[PDB]
file entry_5.txt (compact mmCIF, N, CA and C atoms)
# COMPACT_ATOMS: atom_id res chain seq x y z
N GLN I 1 71.48 118.27 3.46
CA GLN I 1 72.06 116.94 3.15
C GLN I 1 71.49 115.87 4.08
N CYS I 2 71.67 116.07 5.38
CA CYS I 2 71.18 115.12 6.38
C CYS I 2 71.50 115.62 7.78
N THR I 3 72.69 116.18 7.95
CA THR I 3 73.13 116.69 9.25
C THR I 3 73.43 118.18 9.17
N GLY I 4 72.45 119.00 9.55
CA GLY I 4 72.63 120.44 9.52
C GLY I 4 71.44 121.18 10.10
N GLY I 5 71.54 121.55 11.37
CA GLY I 5 70.45 122.26 12.02
C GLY I 5 70.46 122.09 13.52
N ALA I 6 69.51 121.30 14.03
CA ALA I 6 69.41 121.05 15.46
C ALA I 6 68.69 119.74 15.75
N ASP I 7 68.70 118.83 14.78
CA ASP I 7 68.05 117.54 14.93
C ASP I 7 68.64 116.51 13.96
N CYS I 8 69.19 115.44 14.51
CA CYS I 8 69.79 114.39 13.69
C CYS I 8 69.06 113.06 13.89
N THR I 9 69.61 112.19 14.75
CA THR I 9 69.00 110.89 15.03
C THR I 9 68.54 110.21 13.74
N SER I 10 69.24 110.48 12.65
CA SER I 10 68.89 109.89 11.36
C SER I 10 70.13 109.31 10.67
N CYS I 11 71.13 110.16 10.45
CA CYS I 11 72.36 109.73 9.80
C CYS I 11 73.24 108.94 10.76
N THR I 12 74.26 108.28 10.23
CA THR I 12 75.17 107.49 11.04
C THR I 12 76.61 107.93 10.84
N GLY I 13 76.79 109.19 10.43
CA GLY I 13 78.12 109.71 10.21
C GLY I 13 78.57 110.64 11.31
N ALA I 14 78.96 111.86 10.94
CA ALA I 14 79.40 112.85 11.91
C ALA I 14 78.37 113.96 12.06
N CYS I 15 78.08 114.34 13.30
CA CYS I 15 77.11 115.40 13.57
C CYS I 15 77.80 116.76 13.63
N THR I 16 77.15 117.77 13.08
CA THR I 16 77.70 119.13 13.07
C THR I 16 76.60 120.16 13.33
N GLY I 17 76.03 120.11 14.52
CA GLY I 17 74.97 121.04 14.87
C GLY I 17 73.60 120.39 14.82
N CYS I 18 73.34 119.50 15.78
CA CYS I 18 72.06 118.80 15.85
C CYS I 18 71.54 118.76 17.28
N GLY I 19 72.12 117.87 18.08
CA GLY I 19 71.71 117.74 19.47
C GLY I 19 71.42 116.30 19.86
N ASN I 20 71.26 115.43 18.86
CA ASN I 20 70.98 114.02 19.12
C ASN I 20 71.42 113.15 17.95
N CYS I 21 72.41 112.30 18.18
CA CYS I 21 72.92 111.41 17.15
C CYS I 21 72.75 109.95 17.56
N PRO I 22 72.82 109.02 16.60
CA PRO I 22 72.66 107.59 16.87
C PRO I 22 73.95 106.91 17.32
N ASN I 23 74.79 106.51 16.36
CA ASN I 23 76.05 105.83 16.68
C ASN I 23 77.24 106.57 16.08
N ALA I 24 77.08 107.86 15.83
CA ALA I 24 78.16 108.66 15.25
C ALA I 24 79.45 108.50 16.06
N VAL I 25 80.59 108.59 15.38
CA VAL I 25 81.88 108.46 16.04
C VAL I 25 82.30 109.78 16.67
N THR I 26 81.88 110.88 16.06
CA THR I 26 82.21 112.20 16.57
C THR I 26 81.15 113.21 16.16
N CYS I 27 81.26 114.41 16.72
CA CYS I 27 80.32 115.48 16.42
C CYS I 27 80.95 116.84 16.66
N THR I 28 80.73 117.75 15.72
CA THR I 28 81.25 119.10 15.83
C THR I 28 80.18 120.03 16.38
N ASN I 29 80.25 120.30 17.68
CA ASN I 29 79.29 121.15 18.35
C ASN I 29 78.03 120.36 18.69
N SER I 30 77.06 121.08 19.21
CA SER I 30 75.77 120.50 19.61
C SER I 30 75.86 119.87 21.00
N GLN I 31 74.91 118.99 21.32
CA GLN I 31 74.88 118.35 22.63
C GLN I 31 74.48 116.88 22.53
N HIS I 32 75.45 116.01 22.24
CA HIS I 32 75.21 114.58 22.13
C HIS I 32 76.42 113.86 21.57
N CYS I 33 77.59 114.14 22.14
CA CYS I 33 78.84 113.53 21.71
C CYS I 33 79.43 112.66 22.82
N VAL I 34 78.56 112.12 23.67
CA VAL I 34 79.00 111.28 24.79
C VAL I 34 79.82 110.08 24.32
N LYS I 35 79.32 109.36 23.33
CA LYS I 35 80.01 108.18 22.81
C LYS I 35 80.84 108.52 21.58
N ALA I 36 81.36 109.74 21.53
CA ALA I 36 82.17 110.18 20.40
C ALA I 36 83.66 110.16 20.75
N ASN I 37 84.49 109.99 19.73
CA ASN I 37 85.94 109.96 19.92
C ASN I 37 86.49 111.35 20.23
N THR I 38 85.74 112.38 19.85
CA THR I 38 86.17 113.76 20.09
C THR I 38 84.99 114.73 20.02
N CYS I 39 84.78 115.47 21.11
CA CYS I 39 83.70 116.44 21.17
C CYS I 39 84.27 117.85 21.24
N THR I 40 83.93 118.69 20.27
CA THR I 40 84.41 120.06 20.25
C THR I 40 83.46 120.96 21.05
N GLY I 41 83.01 122.07 20.46
CA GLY I 41 82.09 122.95 21.17
C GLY I 41 80.76 122.29 21.38
N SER I 42 80.74 121.26 22.21
CA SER I 42 79.52 120.54 22.50
C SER I 42 79.53 120.17 23.96
N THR I 43 78.98 119.02 24.30
CA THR I 43 78.98 118.57 25.67
C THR I 43 79.20 117.06 25.72
N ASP I 44 78.51 116.36 26.63
CA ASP I 44 78.64 114.90 26.75
C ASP I 44 79.94 114.39 26.12
N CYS I 45 81.00 114.33 26.92
CA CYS I 45 82.30 113.88 26.44
C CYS I 45 82.94 112.91 27.44
N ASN I 46 82.45 111.67 27.45
CA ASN I 46 82.97 110.66 28.37
C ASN I 46 83.85 109.64 27.66
N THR I 47 83.64 109.47 26.36
CA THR I 47 84.42 108.52 25.57
C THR I 47 85.52 109.22 24.79
N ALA I 48 85.33 110.50 24.51
CA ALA I 48 86.30 111.28 23.76
C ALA I 48 87.55 111.55 24.59
N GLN I 49 88.55 112.19 23.98
CA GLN I 49 89.80 112.49 24.66
C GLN I 49 90.03 114.00 24.85
N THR I 50 89.07 114.83 24.44
CA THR I 50 89.23 116.27 24.59
C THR I 50 87.96 117.03 24.18
N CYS I 51 87.90 118.31 24.54
CA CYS I 51 86.76 119.16 24.21
C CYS I 51 87.17 120.62 24.08
N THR I 52 86.23 121.46 23.66
CA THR I 52 86.50 122.89 23.49
C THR I 52 85.35 123.74 24.06
N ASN I 53 84.45 123.10 24.80
CA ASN I 53 83.30 123.76 25.42
C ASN I 53 82.22 122.73 25.79
N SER I 54 82.65 121.57 26.27
CA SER I 54 81.73 120.51 26.66
C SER I 54 81.55 120.46 28.17
N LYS I 55 80.32 120.24 28.62
CA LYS I 55 80.03 120.19 30.05
C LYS I 55 80.12 118.77 30.59
N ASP I 56 80.86 117.90 29.89
CA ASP I 56 81.01 116.52 30.32
C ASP I 56 82.37 115.96 29.91
N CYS I 57 83.38 116.83 29.88
CA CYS I 57 84.74 116.42 29.52
C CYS I 57 85.39 115.64 30.66
N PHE I 58 84.93 114.41 30.87
CA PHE I 58 85.47 113.57 31.93
C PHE I 58 86.76 112.89 31.49
N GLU I 59 86.70 112.18 30.37
CA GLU I 59 87.87 111.49 29.84
C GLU I 59 88.58 112.33 28.78
N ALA I 60 88.68 113.63 29.04
CA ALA I 60 89.33 114.54 28.11
C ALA I 60 90.64 115.07 28.68
N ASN I 61 91.66 115.13 27.83
CA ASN I 61 92.97 115.63 28.24
C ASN I 61 93.04 117.14 28.10
N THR I 62 92.29 117.68 27.14
CA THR I 62 92.27 119.12 26.90
C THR I 62 90.83 119.63 26.90
N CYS I 63 90.60 120.74 27.59
CA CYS I 63 89.26 121.32 27.66
C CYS I 63 89.32 122.83 27.86
N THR I 64 89.07 123.57 26.78
CA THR I 64 89.08 125.03 26.83
C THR I 64 87.68 125.57 26.55
N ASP I 65 87.21 126.46 27.42
CA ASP I 65 85.88 127.05 27.27
C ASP I 65 84.80 126.07 27.71
N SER I 66 85.19 125.08 28.50
CA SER I 66 84.25 124.07 28.98
C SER I 66 84.27 123.97 30.50
N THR I 67 83.49 123.04 31.04
CA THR I 67 83.42 122.84 32.48
C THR I 67 83.34 121.35 32.83
N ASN I 68 83.58 121.04 34.10
CA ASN I 68 83.54 119.66 34.57
C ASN I 68 84.60 118.80 33.87
N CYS I 69 85.85 119.23 33.94
CA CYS I 69 86.94 118.49 33.32
C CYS I 69 87.51 117.45 34.29
N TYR I 70 86.71 116.41 34.55
CA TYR I 70 87.10 115.34 35.45
C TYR I 70 88.50 114.82 35.14
N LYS I 71 89.49 115.39 35.81
CA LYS I 71 90.88 115.00 35.63
C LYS I 71 91.43 115.51 34.30
N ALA I 72 91.81 116.79 34.27
CA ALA I 72 92.35 117.40 33.07
C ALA I 72 93.84 117.71 33.23
N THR I 73 94.48 118.11 32.13
CA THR I 73 95.90 118.43 32.15
C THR I 73 96.11 119.92 31.85
N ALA I 74 95.33 120.44 30.91
CA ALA I 74 95.43 121.84 30.53
C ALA I 74 94.09 122.55 30.72
N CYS I 75 94.09 123.60 31.53
CA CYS I 75 92.87 124.35 31.80
C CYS I 75 93.18 125.83 32.05
N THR I 76 92.37 126.70 31.44
CA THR I 76 92.54 128.14 31.59
C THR I 76 91.28 128.78 32.15
N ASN I 77 90.23 128.82 31.33
CA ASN I 77 88.95 129.40 31.75
C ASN I 77 87.86 128.34 31.74
N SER I 78 88.20 127.13 32.18
CA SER I 78 87.25 126.03 32.23
C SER I 78 87.00 125.59 33.66
N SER I 79 85.90 124.87 33.87
CA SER I 79 85.55 124.38 35.20
C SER I 79 85.86 122.89 35.34
N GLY I 80 85.91 122.41 36.57
CA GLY I 80 86.19 121.00 36.81
C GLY I 80 87.60 120.60 36.40
N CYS I 81 88.46 121.59 36.20
CA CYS I 81 89.85 121.33 35.79
C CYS I 81 90.83 121.96 36.78
N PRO I 82 92.13 121.63 36.67
CA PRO I 82 93.17 122.16 37.55
C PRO I 82 92.86 123.56 38.08
N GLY I 83 92.25 123.60 39.26
CA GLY I 83 91.89 124.87 39.87
C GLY I 83 90.89 124.70 41.00
N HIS I 84 90.06 123.67 40.90
CA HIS I 84 89.06 123.39 41.92
C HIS I 84 89.40 122.11 42.68

call {"tool": "encode", "arguments": {"input": "entry_5.txt", "output": "structure tokens"}}
result
Amino acid sequence: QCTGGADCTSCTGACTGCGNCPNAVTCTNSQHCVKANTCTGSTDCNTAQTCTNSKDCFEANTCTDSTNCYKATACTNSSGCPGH
């Protein structure tokens, strides 16, 4: 269709397995959800409010299976969250 694989930087919707998006609001997985409202099993999460395996969950309230949870509330097996 447009977003499916490991390369986007083309569509302007939601990314689901690419690695590089333009102005998408969110992305499901991959590595390029920095300016997204919500990053799941991905990374770059400074604008979003949560993650599920992102290595940049700074402004995230929930982060499971991720690391570097700059100020988190719920953390189990993640890094940068309540524990360090």

call {"tool": "closest_residue", "arguments": {"input": "entry_5.txt", "among": "I:74, I:17, I:3, I:66", "to": "residue I:54", "atoms": "only N, CA and C atoms"}}
result
I:66

call {"tool": "closest_residue", "arguments": {"input": "entry_5.txt", "among": "I:34, I:20, I:79, I:26", "to": "residue I:47", "atoms": "all atoms listed in the file"}}
result
I:34

call {"tool": "residues_around", "arguments": {"input": "entry_5.txt", "residues": "residue I:63", "least_positions_apart": "2", "cutoff": "7 Å", "atoms": "only N, CA and C atoms", "output": "ChimeraX atom specification"}}
result
/I:50-54,57,60-61,65-67,69,72-78

call {"tool": "atom_distance", "arguments": {"input": "entry_5.txt", "atom1": "atom CA of residue I:48", "atom2": "atom C of residue I:15"}}
result
14.3 Å

call {"tool": "axis_aligned_box", "arguments": {"input": "entry_5.txt", "around": "stretch 43-60 of chain I", "padding_each_side": "3 Å", "output": "lines of an AutoDock Vina configuration file"}}
result
center_x = 84.6
center_y = 116.1
center_z = 27.7
size_x = 18.1
size_y = 21.2
size_z = 14.4

call {"tool": "closest_residue", "arguments": {"input": "entry_5.txt", "among": "I:1, I:16, I:10, I:30", "to": "residue I:44", "atoms": "only N, CA and C atoms"}}
result
I:30

call {"tool": "closest_residue", "arguments": {"input": "entry_5.txt", "among": "I:36, I:62, I:2, I:71", "to": "residue I:23", "atoms": "only N, CA and C atoms"}}
result
I:36

call {"tool": "atom_distance", "arguments": {"input": "entry_5.txt", "atom1": "atom C of residue I:7", "atom2": "atom N of residue I:31"}}
result
10.0 Å

call {"tool": "select_by_dssp", "arguments": {"input": "entry_5.txt", "residues": "chain I", "states": "strand (DSSP E or B)", "output": "list in words"}}
result
residues 15, 27, 39, 45, 50, 51, 57, 62, 63 and 74 of chain I

call {"tool": "atom_distance", "arguments": {"input": "entry_5.txt", "atom1": "atom CA of residue I:81", "atom2": "atom CA of residue I:43"}}
result
15.1 Å

call {"tool": "closest_residue", "arguments": {"input": "entry_5.txt", "among": "I:25, I:58, I:41, I:11", "to": "residue I:80", "atoms": "only C-alpha atoms"}}
result
I:58

call {"tool": "closest_residue", "arguments": {"input": "entry_5.txt", "among": "I:37, I:32, I:68, I:55", "to": "residue I:19", "atoms": "only N, CA and C atoms"}}
result
I:32

call {"tool": "build_atoms", "arguments": {"input": "entry_5.txt", "residues": "stretch 1-25 of chain I", "atoms": "N, CA, C and O atoms", "output": "PDB file, keeping the file's coordinate frame"}}
result
ATOM      1  N   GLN I   1      71.480 118.270   3.460  1.00  0.00           N
ATOM      2  CA  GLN I   1      72.060 116.940   3.150  1.00  0.00           C
ATOM      3  C   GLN I   1      71.490 115.870   4.080  1.00  0.00           C
ATOM      4  O   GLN I   1      70.905 114.885   3.628  1.00  0.00           O
ATOM      5  N   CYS I   2      71.670 116.070   5.380  1.00  0.00           N
ATOM      6  CA  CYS I   2      71.180 115.120   6.380  1.00  0.00           C
ATOM      7  C   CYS I   2      71.500 115.620   7.780  1.00  0.00           C
ATOM      8  O   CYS I   2      70.686 115.492   8.698  1.00  0.00           O
ATOM      9  N   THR I   3      72.690 116.180   7.950  1.00  0.00           N
ATOM     10  CA  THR I   3      73.130 116.690   9.250  1.00  0.00           C
ATOM     11  C   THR I   3      73.430 118.180   9.170  1.00  0.00           C
ATOM     12  O   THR I   3      74.522 118.584   8.771  1.00  0.00           O
ATOM     13  N   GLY I   4      72.450 119.000   9.550  1.00  0.00           N
ATOM     14  CA  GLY I   4      72.630 120.440   9.520  1.00  0.00           C
ATOM     15  C   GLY I   4      71.440 121.180  10.100  1.00  0.00           C
ATOM     16  O   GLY I   4      70.457 121.422   9.400  1.00  0.00           O
ATOM     17  N   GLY I   5      71.540 121.550  11.370  1.00  0.00           N
ATOM     18  CA  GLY I   5      70.450 122.260  12.020  1.00  0.00           C
ATOM     19  C   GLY I   5      70.460 122.090  13.520  1.00  0.00           C
ATOM     20  O   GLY I   5      71.303 122.649  14.218  1.00  0.00           O
ATOM     21  N   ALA I   6      69.510 121.300  14.030  1.00  0.00           N
ATOM     22  CA  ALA I   6      69.410 121.050  15.460  1.00  0.00           C
ATOM     23  C   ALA I   6      68.690 119.740  15.750  1.00  0.00           C
ATOM     24  O   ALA I   6      68.136 119.552  16.835  1.00  0.00           O
ATOM     25  N   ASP I   7      68.700 118.830  14.780  1.00  0.00           N
ATOM     26  CA  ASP I   7      68.050 117.540  14.930  1.00  0.00           C
ATOM     27  C   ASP I   7      68.640 116.510  13.960  1.00  0.00           C
ATOM     28  O   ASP I   7      68.583 116.696  12.749  1.00  0.00           O
ATOM     29  N   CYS I   8      69.190 115.440  14.510  1.00  0.00           N
ATOM     30  CA  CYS I   8      69.790 114.390  13.690  1.00  0.00           C
ATOM     31  C   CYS I   8      69.060 113.060  13.890  1.00  0.00           C
ATOM     32  O   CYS I   8      68.019 112.815  13.280  1.00  0.00           O
ATOM     33  N   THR I   9      69.610 112.190  14.750  1.00  0.00           N
ATOM     34  CA  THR I   9      69.000 110.890  15.030  1.00  0.00           C
ATOM     35  C   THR I   9      68.540 110.210  13.740  1.00  0.00           C
ATOM     36  O   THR I   9      67.567 109.452  13.749  1.00  0.00           O
ATOM     37  N   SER I  10      69.240 110.480  12.650  1.00  0.00           N
ATOM     38  CA  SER I  10      68.890 109.890  11.360  1.00  0.00           C
ATOM     39  C   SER I  10      70.130 109.310  10.670  1.00  0.00           C
ATOM     40  O   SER I  10      70.175 108.124  10.348  1.00  0.00           O
ATOM     41  N   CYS I  11      71.130 110.160  10.450  1.00  0.00           N
ATOM     42  CA  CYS I  11      72.360 109.730   9.800  1.00  0.00           C
ATOM     43  C   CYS I  11      73.240 108.940  10.760  1.00  0.00           C
ATOM     44  O   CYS I  11      72.989 108.925  11.966  1.00  0.00           O
ATOM     45  N   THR I  12      74.260 108.280  10.230  1.00  0.00           N
ATOM     46  CA  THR I  12      75.170 107.490  11.040  1.00  0.00           C
ATOM     47  C   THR I  12      76.610 107.930  10.840  1.00  0.00           C
ATOM     48  O   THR I  12      77.548 107.161  11.055  1.00  0.00           O
ATOM     49  N   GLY I  13      76.790 109.190  10.430  1.00  0.00           N
ATOM     50  CA  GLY I  13      78.120 109.710  10.210  1.00  0.00           C
ATOM     51  C   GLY I  13      78.570 110.640  11.310  1.00  0.00           C
ATOM     52  O   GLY I  13      78.562 110.271  12.488  1.00  0.00           O
ATOM     53  N   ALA I  14      78.960 111.860  10.940  1.00  0.00           N
ATOM     54  CA  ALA I  14      79.400 112.850  11.910  1.00  0.00           C
ATOM     55  C   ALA I  14      78.370 113.960  12.060  1.00  0.00           C
ATOM     56  O   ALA I  14      77.845 114.469  11.069  1.00  0.00           O
ATOM     57  N   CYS I  15      78.080 114.340  13.300  1.00  0.00           N
ATOM     58  CA  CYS I  15      77.110 115.400  13.570  1.00  0.00           C
ATOM     59  C   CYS I  15      77.800 116.760  13.630  1.00  0.00           C
ATOM     60  O   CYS I  15      78.898 116.880  14.171  1.00  0.00           O
ATOM     61  N   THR I  16      77.150 117.770  13.080  1.00  0.00           N
ATOM     62  CA  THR I  16      77.700 119.130  13.070  1.00  0.00           C
ATOM     63  C   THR I  16      76.600 120.160  13.330  1.00  0.00           C
ATOM     64  O   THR I  16      76.286 120.969  12.459  1.00  0.00           O
ATOM     65  N   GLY I  17      76.030 120.110  14.520  1.00  0.00           N
ATOM     66  CA  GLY I  17      74.970 121.040  14.870  1.00  0.00           C
ATOM     67  C   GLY I  17      73.600 120.390  14.820  1.00  0.00           C
ATOM     68  O   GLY I  17      72.790 120.688  13.945  1.00  0.00           O
ATOM     69  N   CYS I  18      73.340 119.500  15.780  1.00  0.00           N
ATOM     70  CA  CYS I  18      72.060 118.800  15.850  1.00  0.00           C
ATOM     71  C   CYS I  18      71.540 118.760  17.280  1.00  0.00           C
ATOM     72  O   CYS I  18      70.646 119.512  17.653  1.00  0.00           O
ATOM     73  N   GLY I  19      72.120 117.870  18.080  1.00  0.00           N
ATOM     74  CA  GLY I  19      71.710 117.740  19.470  1.00  0.00           C
ATOM     75  C   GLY I  19      71.420 116.300  19.860  1.00  0.00           C
ATOM     76  O   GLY I  19      71.350 115.978  21.044  1.00  0.00           O
ATOM     77  N   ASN I  20      71.260 115.430  18.860  1.00  0.00           N
ATOM     78  CA  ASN I  20      70.980 114.020  19.120  1.00  0.00           C
ATOM     79  C   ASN I  20      71.420 113.150  17.950  1.00  0.00           C
ATOM     80  O   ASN I  20      70.863 113.249  16.852  1.00  0.00           O
ATOM     81  N   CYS I  21      72.410 112.300  18.180  1.00  0.00           N
ATOM     82  CA  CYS I  21      72.920 111.410  17.150  1.00  0.00           C
ATOM     83  C   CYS I  21      72.750 109.950  17.560  1.00  0.00           C
ATOM     84  O   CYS I  21      72.538 109.654  18.741  1.00  0.00           O
ATOM     85  N   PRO I  22      72.820 109.020  16.600  1.00  0.00           N
ATOM     86  CA  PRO I  22      72.660 107.590  16.870  1.00  0.00           C
ATOM     87  C   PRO I  22      73.950 106.910  17.320  1.00  0.00           C
ATOM     88  O   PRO I  22      74.193 106.747  18.515  1.00  0.00           O
ATOM     89  N   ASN I  23      74.790 106.510  16.360  1.00  0.00           N
ATOM     90  CA  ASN I  23      76.050 105.830  16.680  1.00  0.00           C
ATOM     91  C   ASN I  23      77.240 106.570  16.080  1.00  0.00           C
ATOM     92  O   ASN I  23      78.297 105.970  15.859  1.00  0.00           O
ATOM     93  N   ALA I  24      77.080 107.860  15.830  1.00  0.00           N
ATOM     94  CA  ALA I  24      78.160 108.660  15.250  1.00  0.00           C
ATOM     95  C   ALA I  24      79.450 108.500  16.060  1.00  0.00           C
ATOM     96  O   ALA I  24      79.406 108.300  17.274  1.00  0.00           O
ATOM     97  N   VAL I  25      80.590 108.590  15.380  1.00  0.00           N
ATOM     98  CA  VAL I  25      81.880 108.460  16.040  1.00  0.00           C
ATOM     99  C   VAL I  25      82.300 109.780  16.670  1.00  0.00           C
ATOM    100  O   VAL I  25      82.999 109.803  17.684  1.00  0.00           O
TER     101      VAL I  25
END
